[PDB]
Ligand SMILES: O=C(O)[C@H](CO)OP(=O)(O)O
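What follows is a single chain, given as structure tokens, in the form solved without 2-phosphoglyceric acid (2PG).
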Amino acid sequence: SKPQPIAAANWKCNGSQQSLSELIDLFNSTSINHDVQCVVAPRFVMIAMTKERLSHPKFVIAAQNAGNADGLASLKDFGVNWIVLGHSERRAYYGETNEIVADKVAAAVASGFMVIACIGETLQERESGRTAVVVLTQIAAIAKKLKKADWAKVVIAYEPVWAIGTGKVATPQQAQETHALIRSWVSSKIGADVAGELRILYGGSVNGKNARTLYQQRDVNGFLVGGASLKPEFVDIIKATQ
């Protein structure tokens, strides 16, 4: 049976204090009837106001990236206990190595954070048939820096770069193939119980209309949402996870 689903909002640099405060009031006033962990990641300079205003018991606040000693101590002091590491984008755009993100996941877990690590291929890798190789390389790099017990604090988000902000969502079939491959590797290499309890979320052009038929697939455990998370339809994406 599936582990607890997650619905995560990444606001990037978008929204004013007023527009974001309207979304928070909507979230606060929503009755959620099933078991789900909801996550909101505001820009750094909006973390304090979000902290003060967000009250729903099924919601936690996350930071948008954390590159060690430095900012981890600061975020921990401020009450923030989740981080979202956007590696598929940073790799594609700037050349960020797989070892860098692996080291960040390990350092965050050792400081007590829950971590959503975003892994994924480029348009060019997908078209050349290399999705499996690319994705398996990323998960393997992360695993090298972890011990078995650490996996309880890790969540994977499959976020192919061609689906981010483009309007081109993966089909339920494409998401299921990738999620199944990741889980299979984890079962063989790390352990069968670890694999069964791992959350694997899908991200890239998720919306209120397409979320339900993505969630039905065997190995999909929730969503990472960018553009549509700045809109009332985020509540529909939460409801799609049952």
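Sequential numbering from 1, following the sequence displayed.
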Quiz item: Looking at the deposited entry, does 13-21 or 230-238 carry the larger mean Cα B-factor?
Solution: 13-21
Quiz item: Higher mean Cα B-factor in the deposited model: 135-143 or 68-76?
Solution: 68-76
Quiz item: Per the PDB entry, which option out of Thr213, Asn28, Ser205, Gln37 has the greatest Cα B factor?
Solution: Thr213
Quiz item: Out of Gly86, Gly95, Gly120, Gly165, which residue has the highest Cα temperature factor in the PDB record?
Solution: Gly165
Quiz item: For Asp150, does the deposited CA B-factor place it in the lowest, middle or highest third of the chain?
Solution: middle
Quiz item: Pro160: which third of its chain by C-alpha temperature factor?
Solution: lowest
Practice problem: Please place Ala180 in the lowest, middle or highest third of its chain by C-alpha B factor as given in the entry. | Solution: middle
Exercise. Within this chain's modelled residues, let me know which third the CA B factor of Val105 belongs to: lowest, middle or highest.
Key: lowest
Self-check item: CA B-factor ranking of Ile190, expressed as a third of its chain
Solution: highest
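This protein has a second form, the form deposited with 2-phosphoglyceric acid (2PG) bound, left out of what is shown; the following refers to that one.
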Self-check item: Per-stretch contact check against 2-phosphoglyceric acid (2PG) in the deposited bound form, the hit in 197-205, 181-189, 26-34, 49-57 (non-hydrogen atom, 4.5 angstroms)
Solution: 197-205
Quiz item: Which listed residue (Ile156, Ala163, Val135, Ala92) meets the criterion of a heavy atom within 4.5 Å of 2-phosphoglyceric acid (2PG) in the deposited bound form?
Solution: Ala163
Quiz item: Does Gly227 reach 2-phosphoglyceric acid (2PG) in the deposited bound form, with heavy atoms at most 4.5 Å apart?
Solution: yes
Quiz item: in the deposited bound form, does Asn221 have a heavy atom within 4.5 Å of 2-phosphoglyceric acid (2PG)?
Solution: no
Self-check item: Residues in 7-32 close to 2-phosphoglyceric acid (2PG) in the deposited bound form, defined by a heavy atom within 4.5 Å, in order
Solution: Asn10, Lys12
